[PDB]
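First comes the structure, then the notes that go with it.
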Amino acid sequence: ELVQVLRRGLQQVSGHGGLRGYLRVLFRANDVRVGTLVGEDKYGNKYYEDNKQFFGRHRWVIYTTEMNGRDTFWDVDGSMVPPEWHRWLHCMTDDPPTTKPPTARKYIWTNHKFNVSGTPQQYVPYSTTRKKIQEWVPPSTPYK
Amino acid sequence: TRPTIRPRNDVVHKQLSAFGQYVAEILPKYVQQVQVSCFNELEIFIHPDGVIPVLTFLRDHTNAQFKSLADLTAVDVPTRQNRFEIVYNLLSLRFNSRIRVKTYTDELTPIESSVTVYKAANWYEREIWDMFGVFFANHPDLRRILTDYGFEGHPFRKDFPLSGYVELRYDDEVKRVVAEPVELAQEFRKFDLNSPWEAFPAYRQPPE
Amino acid sequence: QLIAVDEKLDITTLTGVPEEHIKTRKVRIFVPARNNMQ
Amino acid sequence: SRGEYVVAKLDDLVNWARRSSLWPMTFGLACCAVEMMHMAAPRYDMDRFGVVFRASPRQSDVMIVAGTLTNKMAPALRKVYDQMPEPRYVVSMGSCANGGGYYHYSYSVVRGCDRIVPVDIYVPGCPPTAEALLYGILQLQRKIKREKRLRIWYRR
Amino acid sequence: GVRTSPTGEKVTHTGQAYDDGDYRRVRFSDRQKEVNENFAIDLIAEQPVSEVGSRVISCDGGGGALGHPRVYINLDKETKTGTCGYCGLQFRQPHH
Amino acid sequence: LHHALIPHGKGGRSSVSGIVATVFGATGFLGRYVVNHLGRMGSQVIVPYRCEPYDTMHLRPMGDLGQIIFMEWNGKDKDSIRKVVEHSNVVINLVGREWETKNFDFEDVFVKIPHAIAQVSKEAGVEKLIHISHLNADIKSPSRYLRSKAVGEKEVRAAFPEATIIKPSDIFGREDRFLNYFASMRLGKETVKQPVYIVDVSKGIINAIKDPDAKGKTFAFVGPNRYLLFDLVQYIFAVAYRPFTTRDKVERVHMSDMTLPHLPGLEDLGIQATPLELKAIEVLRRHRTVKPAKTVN
Amino acid sequence: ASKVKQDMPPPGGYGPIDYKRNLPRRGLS
Amino acid sequence: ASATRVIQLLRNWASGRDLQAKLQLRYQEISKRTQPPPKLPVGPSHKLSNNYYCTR
Amino acid sequence: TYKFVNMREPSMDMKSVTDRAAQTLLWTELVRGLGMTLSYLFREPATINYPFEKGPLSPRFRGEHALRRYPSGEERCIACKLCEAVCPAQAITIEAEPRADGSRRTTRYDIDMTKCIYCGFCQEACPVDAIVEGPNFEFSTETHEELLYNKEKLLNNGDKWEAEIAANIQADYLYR
Amino acid sequence: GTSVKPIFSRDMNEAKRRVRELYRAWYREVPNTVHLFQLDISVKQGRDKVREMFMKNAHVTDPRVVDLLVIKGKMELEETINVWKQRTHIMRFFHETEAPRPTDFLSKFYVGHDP
Amino acid sequence: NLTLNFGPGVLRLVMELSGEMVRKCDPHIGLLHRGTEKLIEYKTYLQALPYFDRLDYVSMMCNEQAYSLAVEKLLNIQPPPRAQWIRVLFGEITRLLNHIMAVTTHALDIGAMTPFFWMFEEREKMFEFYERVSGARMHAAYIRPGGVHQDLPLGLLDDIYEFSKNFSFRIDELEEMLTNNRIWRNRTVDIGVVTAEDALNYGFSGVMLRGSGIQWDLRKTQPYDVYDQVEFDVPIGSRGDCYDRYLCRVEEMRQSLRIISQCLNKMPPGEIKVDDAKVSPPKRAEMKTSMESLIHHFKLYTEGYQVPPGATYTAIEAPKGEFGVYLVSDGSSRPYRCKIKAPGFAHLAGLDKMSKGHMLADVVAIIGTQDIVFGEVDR
Ligand SMILES: CCCCCCCCCCCCCCCCC[C@@H](O)O[C@H](CO[C@H](O)CCCCCCCCCCCCCCC)COP(=O)(O)OCC[N+](C)(C)C
Ligand SMILES: NC(=O)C1=CN([C@@H]2O[C@H](COP(=O)(O)OP(=O)(O)OC[C@H]3O[C@@H](n4cnc5c(N)ncnc54)[C@H](OP(=O)(O)O)[C@@H]3O)[C@@H](O)[C@H]2O)C=CC1
Ligand code: SF4
Ligand code: SF4
Ligand code: SF4
Ligand SMILES: [Zn+2]
């Protein structure tokens, strides 16, 4: 009844590390749910699962405070998820990379980069082919 | 004929052939040819002057009564002296059948409008005038329906370029949308996909 | 009912083609040559 | 000293107020508009971000171009853009509104809505998913957060 | 093996780099030139040459249906090593 | 001639005109027209801006993809100027403020900034430089605006010998201050004015870009006819159907327009100046809710 | 070797699917 | 769903139906996102003989 | 077979007439609609907490393009130009020439993301699984130019997403 | 022979009469259009443009082509009456924003390969 | 009697009003004309397939099915039975999406706006089914002129069954909010009445016919795939007003649920595309192991398949009415002509007749009941 839901709310506010953590999660994610921790990311992200919720809210992520070079305490975006956790988070599979990691290759990036639009690191398109027609080079010796 | 080949129906073919002969007998003044396709589709080629009579017959005869006008369109074949080909598709609900009536015309020869027979033709006729330039006489109001106001040319002709002749942009000096000669950053790549070694001997043409 | 006029056909002014694309172009009518690779 | 501090805080407050309530007006031109209506659907719920559903053009904040921009429609779209008050941002959704898309080589299609109005965010897709459009809206919010008008005026 | 242009830019694996006089370089100021650091030619040149004892060897790129179409390579020429058309791997008969 | 700038195409939006232009102060009244005229023929434009990038948005749709590059700069630093005009082969200067500021006075705006721009452009190998100053700019003028303009003109000439100095006379247009200032007051009969249309000034600048013989020349861009202040204001108020900037602007408008018949003008660039009567209605239609003024020649 | 495995309904088919309109009367004269 | 009994009775009375019988939110009854490999049987024209193309 | 949707004749006895009059005067159906709305108010909403929660997807999802490569490190693309020929929107531009070691490789591979329709024809026409349509969809841009991908950008996308791209390809390649 | 089906006019006199009526209508309508669309041009410029567009097709000697052009002009005039167009559609007749292409040989030789 | 232009899916409407009544209502179209029928001529058949998703973007797999049927008829081939059942199952699912969209949008234009969200949740679930099978939520390109592109994922039928056994309550809630409402009835009853003869002559099709009492349905009279093997009822109106057409659309939703149940129960095994490698591309393993398979894959994805010369008109019962394609082929791999007949064209043409002597607010209701999407109208 009402006392049961009040006790559940008290358990939720206690399980976030007290009042400070509860306020932090409320002001960072607008959601104070608690679930078992599936894994931790190398960039600081944490991934939680709660199978009691309906399809769509049974997996979520708490983003890192600070990524590569920017303070993401308030500025977070969905492009910060690394590819393996991106596959797990979007319900494309039931196996997190902790259970079965992706295959390792030498050419795979070791440092995921978020969207860099409106940044000095943004992509600028350019032609990749070389010059087509070569012009004649006049000689440097006078004819007379 | 294994399950990879479309099955053939002969009863419908015979019925359509018989009805084509019947129609061509009733209206020998206008019908020039009758055809039945291999997939049971009956088409009738008539003179341009018989648009109003023949259609009316197919709408009012107790044995035809093709009540519905499914589609009306034009086909451009520049190699013909009569450039444009007008196609009427009729559906008869009473007999659960479909028929096609084909007519020819050119740029300057008008075709009598069939708004009186089928009201649904109205917009369709306008569309033809918008896309091909075929003029329909005695139309309630014939004007462009699809292209922009002031558009010059009829886009659906085979000699009209794909990208048109003008393009729109916004100019701040005149503070309005202006039209300029078309210039593409990347030209449309034309592919020569057609190949030698003909595929269908059944459609081979005489070597003249 | 029939005009019976005797003059060559000319629909230049109805196609809407710009004037610079009518009197400056030079079309070619030909049977395309066989591709020598086939 | 204190003046730059005060103008910085005022600018931060104004930027937060402006980006925390974005009122969009949507040009439901073509198929992409359907996805727009799915970003107003209960699952994604554009409203909980302060982004109201189908604001009037008189008080709209951002314009969302959703679908192909034909030649017959460009004057109307340009006219609507002129009407919008104060600071207005344009978001281009889908390939058709980005660069012409599937109808790039067409006689009656404007090759990209940026020929008519300036565009702040280009959302790619055909159609972009409701998640993609929501990400574009959040990116526009971050861009608004990045701008600084009071500081520039003070340094002016 | 990413090199550097005499001006200062990085040279793409296709050898593209704007010279000193090119104005298009201005598109990179206050920005960056996107260049892939891993060069395919260098990565494939360091693969060991496989030693097989058959005249004709089959290659499908590894993975079966996830590779390239299966091809057959002849190794009669002892001067050089047979190279796969798609994958670029090398094969060689056991000389000596 | 560094092939990349060989002109190509039919002079359209997607063509190549072989012009790489850096338009300083392009976010103003004249800058928008100059950038639009440059971009409608396929030339590449580099826009150095000191303002919010939101304010420069209107310049984005006036060029094809990748033909307009926006760059941050400020007049107090030579490195920004050097990196902005590094690759350009044309440098147009439109930097100018009509009033004083606690950071930039008239001396800073009209003397030091143009001097730095000209010196850096000469050092960077720019072949064409265009600088704009007022027509009435005299070293002995009572107002500081025109004295600074005069000093600036000398500095540019000294730093860039092949510079082209253009001297317009009270440009009027859709966003100009000449007509809107007089239409917003809702004294004369001894001062004459010679207004010049904005599009004419932009086309004159563009033709100066194209003209090869206008290297070291100085131009005076003036209108077709002269107007007394009183009857010109009468016409301005009559167009708007309306019954009849701190200290420097009133003095400047109270001065009479100079006459320089030795200096070449718009006609030397093949431009027929448009009279004020044709465009006055277009400019002043927004001030609403025919007997043109008499001229002196 | 391996046997054919694709999407098929389970043996015995699926359960009944309701489609008729269900508009009840709350009940009061 | 995680709803109290009193709220459930209130909803069932107000709507007039049994909501918990047929909920509109998907739960564990859906299929898993990881599935075994398929086999996808070949078509009818995969014979090694009596399969000349001119007959089909 | 056919049904009638509006062929009900109302009863004309006293009880039914009185019931209809009571419905008209007391607004019973309006109260029923209000009760339906109230019942819908007290149930859990379907909203997910983006961007912390993401909508479900599948391995077949089409997103941002990428160019893959072999485990040895060599790019899979062989400049067969099938993807360019099959692209309905003509969004792919390919230029090639023999490499230093004689390998058949591309010198230019451009995809115009503002022309692409994300139909997936390119990834299914490729005979070596070189070009793939990745699973990323959050790649919006502030300018038009950055949506014109070249070979470097696509190779970077492949190197960036190869893990989950290969996972999806492994999961789905038996249906292709 | 060369017998053809008419459209509106049996000979050139009727086609000329229809051209005259269309010109009368356009001449009468020009000032109303100028006032209503708030154009920057004068009535003199609009009438001159109408005259130029009429004289552009002065070499047509086929009654069918002439009365088809008359039909098109009537359709465009009707389009202009009901304010179906906007200012841009009306002003597209003047090409105020397009650069003036040259005519002599030397200029065309200088600009490019266009003959 | 003043004239007014309701300017800028998006529509321009020039109408004359004599006080409150509507005298004449002329709709101006062309604001979404992109020239699909001309762009098709420059593409092969496979390349021209995706245009039909953009044609009517509320009902996409139906357009795919119509184009595939036309190309199959021209090619003289037939798909395997499993492909036909998938086509039918998906077609029914798409019909539900179209009817949900139409009814909810009509109600929102009237002003209800709650069923819009209520049923767009289910529309989102349907998008997932579209997405799981083809990787695209809306522009699927799943149905091909040889059958379907790919087989179903191993967990799709169970999810479809789970979703489709709770949809009846959603339809019941929609009817509770709309069917018996006195405001909705006053807004819809006896509005835009069209007689059977006028509906037939004006070229109407679909519900606009069935709402007037005409017993016509292309799935019953002229079945194309596996329709003659599924049993369902055809709702028929009695007055021809907006209310009758709304009831017909709801009953069509219920019958679509019935057909979906039948299709789920009677799914056959087998392949999903015609076993003719000269028309349908072979499997990837066959392409990477067999020489003929590689040659055919190359030629199909570069040049395409040649269609024998001829002209056909193929029409299906799309959710908006009779949707047809007139395809003319000259023997090459590119269609010579592709004319598209959309019911919205004829419906919007008859709008002027149907809005005679009605209030200004009635025009919105009539437009909503016409089920007008301008992508197919303008093409
Ligand atoms: C009483 C006199 C009134 C005068 C006028 C005052 C106006 C009304 C007073 C109310 C002020 C409102 C202040 C509340 C703003 C706090 C916003 C905070 O919650 O946001 C964070 C802080 O944002 C900014 O960093 C701080 C901006 C707040 C302004 C700083 C103090 C300025 C006060 C100066 C007022 C003096 C006015 C003097 C002239 C009237 C970051 O959140 P954000 O990134 O957005 O969104 C994250 C999205 N997630 C959750 C999904 C991840
Ligand atoms: N009446 C007229 O307009 C005629 C113009 N004059 C001359 O023509 C030139 C341009 O005229 P106009 O465009 O109308 O003037 P504007 O005031 O409209 O534009 C001034 C431009 O210069 C920039 N600018 C101004 N001050 C500074 C500064 N201290 N540092 C950096 N940039 C600055 C502005 O950028 P921002 O907005 O970001 O500050 C702006 O881009 C000027 O040199 C003027 O003197 C010649 C005769 C008269
Ligand atoms: S093709 Fe793409 S952008 Fe165009 S309407 Fe369809 S989904 Fe929208
Ligand atoms: S997805 Fe389709 S449109 Fe996009 S690049 Fe590939 S083939 Fe071309
Ligand atoms: S189909 Fe594949 S291998 Fe061929 S050019 Fe395209 S990406 Fe390269
Ligand atoms: Zn290999």
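Labeling convention for the structure tokens: chains A, B, ... as they appear, residues from 1 per chain, ligands from 1 in order of appearance.
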Contacts between chain E and chain A, please, where a residue of chain A counts if it comes within 10 Å (with only C-alpha atoms); show its shortest atom pair and distance in Å to one decimal, rows by chain and ascending number, as JSON lines.
{"residue": "A:106", "atom": "CA", "partner": "E:38", "partner_atom": "CA", "distance": 9.4}
{"residue": "A:107", "atom": "CA", "partner": "E:38", "partner_atom": "CA", "distance": 6.8}
{"residue": "A:108", "atom": "CA", "partner": "E:38", "partner_atom": "CA", "distance": 9.8}
{"residue": "A:118", "atom": "CA", "partner": "E:31", "partner_atom": "CA", "distance": 9.9}
{"residue": "A:119", "atom": "CA", "partner": "E:31", "partner_atom": "CA", "distance": 7.9}
{"residue": "A:120", "atom": "CA", "partner": "E:31", "partner_atom": "CA", "distance": 4.7}
{"residue": "A:121", "atom": "CA", "partner": "E:32", "partner_atom": "CA", "distance": 5.8}
{"residue": "A:122", "atom": "CA", "partner": "E:31", "partner_atom": "CA", "distance": 6.6}
{"residue": "A:123", "atom": "CA", "partner": "E:34", "partner_atom": "CA", "distance": 6.1}
{"residue": "A:124", "atom": "CA", "partner": "E:33", "partner_atom": "CA", "distance": 6.4}
{"residue": "A:125", "atom": "CA", "partner": "E:34", "partner_atom": "CA", "distance": 7.9}
{"residue": "A:126", "atom": "CA", "partner": "E:33", "partner_atom": "CA", "distance": 8.5}
{"residue": "A:127", "atom": "CA", "partner": "E:16", "partner_atom": "CA", "distance": 8.2}
{"residue": "A:128", "atom": "CA", "partner": "E:16", "partner_atom": "CA", "distance": 5.8}
{"residue": "A:129", "atom": "CA", "partner": "E:16", "partner_atom": "CA", "distance": 6.2}
{"residue": "A:130", "atom": "CA", "partner": "E:16", "partner_atom": "CA", "distance": 5.7}
{"residue": "A:131", "atom": "CA", "partner": "E:16", "partner_atom": "CA", "distance": 8.9}
Could those residues be written to a file, using N, CA and C atoms, as a PDB file, in the first residue's frame?
ATOM      1  N   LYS A 106      44.108  -5.058 -34.604  1.00  0.00           N
ATOM      2  CA  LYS A 106      45.128  -4.027 -34.435  1.00  0.00           C
ATOM      3  C   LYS A 106      44.671  -2.674 -34.968  1.00  0.00           C
ATOM      4  N   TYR A 107      43.730  -2.657 -35.910  1.00  0.00           N
ATOM      5  CA  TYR A 107      43.283  -1.411 -36.518  1.00  0.00           C
ATOM      6  C   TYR A 107      42.068  -0.803 -35.829  1.00  0.00           C
ATOM      7  N   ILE A 108      41.488  -1.486 -34.841  1.00  0.00           N
ATOM      8  CA  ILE A 108      40.331  -0.946 -34.139  1.00  0.00           C
ATOM      9  C   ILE A 108      40.781   0.156 -33.190  1.00  0.00           C
ATOM     10  N   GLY A 118      30.991  21.179 -34.804  1.00  0.00           N
ATOM     11  CA  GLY A 118      31.180  22.463 -34.149  1.00  0.00           C
ATOM     12  C   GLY A 118      32.392  22.494 -33.244  1.00  0.00           C
ATOM     13  N   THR A 119      33.455  21.796 -33.627  1.00  0.00           N
ATOM     14  CA  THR A 119      34.666  21.642 -32.839  1.00  0.00           C
ATOM     15  C   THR A 119      35.859  21.765 -33.774  1.00  0.00           C
ATOM     16  N   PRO A 120      36.973  22.338 -33.305  1.00  0.00           N
ATOM     17  CA  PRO A 120      38.190  22.368 -34.134  1.00  0.00           C
ATOM     18  C   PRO A 120      38.653  20.999 -34.618  1.00  0.00           C
ATOM     19  N   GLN A 121      38.038  19.911 -34.159  1.00  0.00           N
ATOM     20  CA  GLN A 121      38.351  18.568 -34.627  1.00  0.00           C
ATOM     21  C   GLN A 121      37.345  18.054 -35.649  1.00  0.00           C
ATOM     22  N   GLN A 122      36.469  18.917 -36.157  1.00  0.00           N
ATOM     23  CA  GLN A 122      35.434  18.475 -37.078  1.00  0.00           C
ATOM     24  C   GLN A 122      36.030  18.072 -38.424  1.00  0.00           C
ATOM     25  N   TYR A 123      35.271  17.259 -39.154  1.00  0.00           N
ATOM     26  CA  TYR A 123      35.718  16.721 -40.430  1.00  0.00           C
ATOM     27  C   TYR A 123      35.478  17.728 -41.548  1.00  0.00           C
ATOM     28  N   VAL A 124      36.513  17.981 -42.343  1.00  0.00           N
ATOM     29  CA  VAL A 124      36.449  18.898 -43.473  1.00  0.00           C
ATOM     30  C   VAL A 124      36.661  18.087 -44.747  1.00  0.00           C
ATOM     31  N   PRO A 125      35.673  17.997 -45.635  1.00  0.00           N
ATOM     32  CA  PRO A 125      35.841  17.180 -46.840  1.00  0.00           C
ATOM     33  C   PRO A 125      36.834  17.796 -47.810  1.00  0.00           C
ATOM     34  N   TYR A 126      37.478  16.932 -48.589  1.00  0.00           N
ATOM     35  CA  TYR A 126      38.446  17.372 -49.582  1.00  0.00           C
ATOM     36  C   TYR A 126      38.614  16.278 -50.623  1.00  0.00           C
ATOM     37  N   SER A 127      39.141  16.668 -51.780  1.00  0.00           N
ATOM     38  CA  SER A 127      39.413  15.708 -52.838  1.00  0.00           C
ATOM     39  C   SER A 127      40.602  14.831 -52.465  1.00  0.00           C
ATOM     40  N   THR A 128      40.530  13.554 -52.843  1.00  0.00           N
ATOM     41  CA  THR A 128      41.561  12.588 -52.493  1.00  0.00           C
ATOM     42  C   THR A 128      42.458  12.204 -53.662  1.00  0.00           C
ATOM     43  N   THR A 129      42.031  12.449 -54.896  1.00  0.00           N
ATOM     44  CA  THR A 129      42.844  12.120 -56.056  1.00  0.00           C
ATOM     45  C   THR A 129      43.905  13.190 -56.297  1.00  0.00           C
ATOM     46  N   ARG A 130      44.882  12.845 -57.130  1.00  0.00           N
ATOM     47  CA  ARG A 130      45.988  13.735 -57.444  1.00  0.00           C
ATOM     48  C   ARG A 130      45.634  14.607 -58.647  1.00  0.00           C
ATOM     49  N   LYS A 131      46.576  15.448 -59.067  1.00  0.00           N
ATOM     50  CA  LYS A 131      46.369  16.304 -60.227  1.00  0.00           C
ATOM     51  C   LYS A 131      46.234  15.464 -61.492  1.00  0.00           C
TER      52      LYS A 131
END
Around ligand 6, out to 10 Å and counting only C-alpha atoms and all ligand atoms, which residues are there? I want them as a list in words.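 Listed by chain and ascending number, the contacts are residues 58, 59, 60, 61, 62, 67, 68, 69, 70, 71, 72, 73, 83, 84, 85, 86, 87, 88, 89 and 90 of chain E; 70 and 76 of chain I.
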Can you tell me which residues surround residue 83 (chain B) at a distance of at most 7 Å, considering only C-alpha atoms, apart from same-chain residues fewer than 5 positions away, and format the answer as a list in words?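 Listing them by chain and then by number gives residues 76, 77, 78, 105 and 106 of chain B.
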Take the residues from that selection and put them in a file with N, CA and C atoms, as a PDB file, in the first residue's frame.
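Full text of selection-v6.pdb as output:
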ATOM      1  N   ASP B  76       4.844   9.069 -74.411  1.00  0.00           N
ATOM      2  CA  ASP B  76       5.573   9.820 -75.427  1.00  0.00           C
ATOM      3  C   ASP B  76       6.539   8.887 -76.148  1.00  0.00           C
ATOM      4  N   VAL B  77       6.370   8.762 -77.457  1.00  0.00           N
ATOM      5  CA  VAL B  77       7.256   7.982 -78.311  1.00  0.00           C
ATOM      6  C   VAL B  77       7.717   8.876 -79.455  1.00  0.00           C
ATOM      7  N   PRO B  78       8.869   9.538 -79.312  1.00  0.00           N
ATOM      8  CA  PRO B  78       9.265  10.549 -80.308  1.00  0.00           C
ATOM      9  C   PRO B  78       9.489   9.999 -81.707  1.00  0.00           C
ATOM     10  N   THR B 105      -2.191  11.004 -80.867  1.00  0.00           N
ATOM     11  CA  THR B 105      -2.303  12.424 -81.172  1.00  0.00           C
ATOM     12  C   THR B 105      -0.902  13.006 -81.294  1.00  0.00           C
ATOM     13  N   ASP B 106      -0.840  14.267 -81.717  1.00  0.00           N
ATOM     14  CA  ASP B 106       0.432  14.973 -81.820  1.00  0.00           C
ATOM     15  C   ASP B 106       0.391  16.278 -81.035  1.00  0.00           C
TER      16      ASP B 106
END
Tell me which protein, DNA and RNA residues are within 9 Å of residue 118 (chain K), counting only C-alpha atoms, leaving out same-chain ones fewer than 4 positions away, and put them as a PyMOL selection string. (chain D and resi 41-42) or (chain K and resi 114+122+170+173-174)
Select the residues contacting ligand 1 at a distance of at most 7 Å, based on only C-alpha atoms and all ligand atoms, then format the selection as a PyMOL selection string. (chain A and resi 27-30+74-76) or (chain D and resi 9-10+12-13+16+20)
Would you save the residues of that selection, restricted to C-alpha atoms, as a PDB file, in the first residue's frame?
ATOM      1  CA  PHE A  27      19.820  16.409 -11.430  1.00  0.00           C
ATOM      2  CA  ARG A  28      21.963  14.478 -13.936  1.00  0.00           C
ATOM      3  CA  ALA A  29      19.641  11.775 -15.308  1.00  0.00           C
ATOM      4  CA  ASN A  30      16.137  12.828 -14.136  1.00  0.00           C
ATOM      5  CA  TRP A  74      25.860  18.552 -17.737  1.00  0.00           C
ATOM      6  CA  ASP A  75      26.651  18.215 -21.467  1.00  0.00           C
ATOM      7  CA  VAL A  76      26.004  14.547 -22.244  1.00  0.00           C
TER       8      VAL A  76
ATOM      9  CA  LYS D   9      26.146  35.220 -15.512  1.00  0.00           C
ATOM     10  CA  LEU D  10      23.346  37.148 -17.238  1.00  0.00           C
ATOM     11  CA  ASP D  12      24.296  32.064 -18.942  1.00  0.00           C
ATOM     12  CA  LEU D  13      20.848  32.678 -17.446  1.00  0.00           C
ATOM     13  CA  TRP D  16      19.510  28.493 -20.202  1.00  0.00           C
ATOM     14  CA  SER D  20      15.242  25.039 -21.917  1.00  0.00           C
TER      15      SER D  20
END
Can you work out the spacing between CA of residue 74 (chain K) and CA of residue 328 (chain K) in Å, to one decimal?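 Going from CA of residue 74 (chain K) over to CA of residue 328 (chain K), I get 9.1 Å.
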Would you mind listing, as a ChimeraX atom specification, all residues of chain K that have at least one atom within 7 Å of chain B, where only C-alpha atoms are what counts? /K:29-30,33,38,76-78,200-203,274-275,303,308,332-333,341,346,349,378
Quick one: of H:35, H:55, H:8, H:45, who's nearest to residue 94 (chain A), counting only C-alpha atoms?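 That would be H:35, the residue with the smallest distance to residue 94 (chain A).
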Expressed in Å to a single decimal, how great is the separation between CA of residue 60 (chain I) and CA of residue 119 (chain I)?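 A separation of 11.6 Å between them.
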To one decimal place, how far is CA of residue 35 (chain J) from CA of residue 25 (chain K) in Å?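 Straight-line distance from CA of residue 35 (chain J) to CA of residue 25 (chain K) works out to 27.0 Å.
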Using only C-alpha atoms, select each residue of chain K with any atom at most 7 Å away from an atom of chain G, and give the selection as a list in words. residues 152, 153, 154, 157, 165, 168, 172, 254, 257, 258, 261, 264, 265 and 267 of chain K
Only N, CA, C and O atoms, please: the residues just picked out, written as a tab-separated table (two decimals), in the first residue's frame.
chain	number	residue	atom	x	y	z
K	152	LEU	N	12.39	-13.99	-42.42
K	152	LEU	CA	12.07	-13.42	-41.12
K	152	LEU	C	13.12	-13.82	-40.08
K	152	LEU	O	13.66	-14.93	-40.13
K	153	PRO	N	13.42	-12.94	-39.13
K	153	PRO	CA	14.26	-13.33	-38.00
K	153	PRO	C	13.54	-14.37	-37.14
K	153	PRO	O	12.31	-14.44	-37.11
K	154	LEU	N	14.33	-15.17	-36.44
K	154	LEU	CA	13.79	-16.36	-35.77
K	154	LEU	C	12.82	-16.03	-34.65
K	154	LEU	O	12.11	-16.93	-34.19
K	157	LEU	N	7.69	-14.04	-35.44
K	157	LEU	CA	6.30	-14.49	-35.41
K	157	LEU	C	5.73	-14.46	-34.00
K	157	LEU	O	4.57	-14.07	-33.79
K	165	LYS	N	-2.44	-9.79	-30.05
K	165	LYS	CA	-3.49	-10.26	-29.16
K	165	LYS	C	-3.91	-9.22	-28.13
K	165	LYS	O	-4.79	-9.51	-27.31
K	168	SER	N	-6.93	-5.44	-29.91
K	168	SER	CA	-8.37	-5.29	-29.88
K	168	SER	C	-8.80	-4.33	-28.78
K	168	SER	O	-9.74	-3.55	-28.96
K	172	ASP	N	-10.91	-0.92	-29.10
K	172	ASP	CA	-12.08	-0.72	-28.26
K	172	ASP	C	-12.01	0.61	-27.52
K	172	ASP	O	-13.01	1.31	-27.39
K	254	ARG	N	-10.28	-4.24	-37.61
K	254	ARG	CA	-10.58	-5.52	-36.96
K	254	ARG	C	-10.40	-6.70	-37.92
K	254	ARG	O	-9.84	-7.74	-37.55
K	257	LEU	N	-6.82	-7.48	-38.28
K	257	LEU	CA	-6.37	-8.33	-37.18
K	257	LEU	C	-6.74	-9.79	-37.43
K	257	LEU	O	-5.94	-10.70	-37.17
K	258	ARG	N	-7.95	-10.03	-37.94
K	258	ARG	CA	-8.37	-11.38	-38.28
K	258	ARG	C	-7.44	-12.02	-39.31
K	258	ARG	O	-6.99	-13.17	-39.14
K	261	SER	N	-4.07	-12.90	-37.82
K	261	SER	CA	-4.13	-14.15	-37.07
K	261	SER	C	-4.09	-15.36	-38.01
K	261	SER	O	-3.35	-16.32	-37.78
K	264	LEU	N	-0.56	-15.79	-39.40
K	264	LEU	CA	0.35	-16.34	-38.40
K	264	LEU	C	0.13	-17.83	-38.22
K	264	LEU	O	1.09	-18.60	-38.08
K	265	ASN	N	-1.14	-18.27	-38.23
K	265	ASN	CA	-1.42	-19.68	-38.00
K	265	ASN	C	-1.01	-20.56	-39.18
K	265	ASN	O	-0.63	-21.72	-38.97
K	267	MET	N	1.46	-20.33	-41.66
K	267	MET	CA	2.73	-19.98	-42.30
K	267	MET	C	3.39	-21.23	-42.87
K	267	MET	O	3.60	-22.20	-42.13
Please list as an MDAnalysis selection string every residue within 10 Å of residue 15 (chain C), counting only C-alpha atoms and excluding residues in the same chain fewer than 4 positions away. (chainID B and resid 107 132:133 152:155 157 159:160) or (chainID C and resid 11)
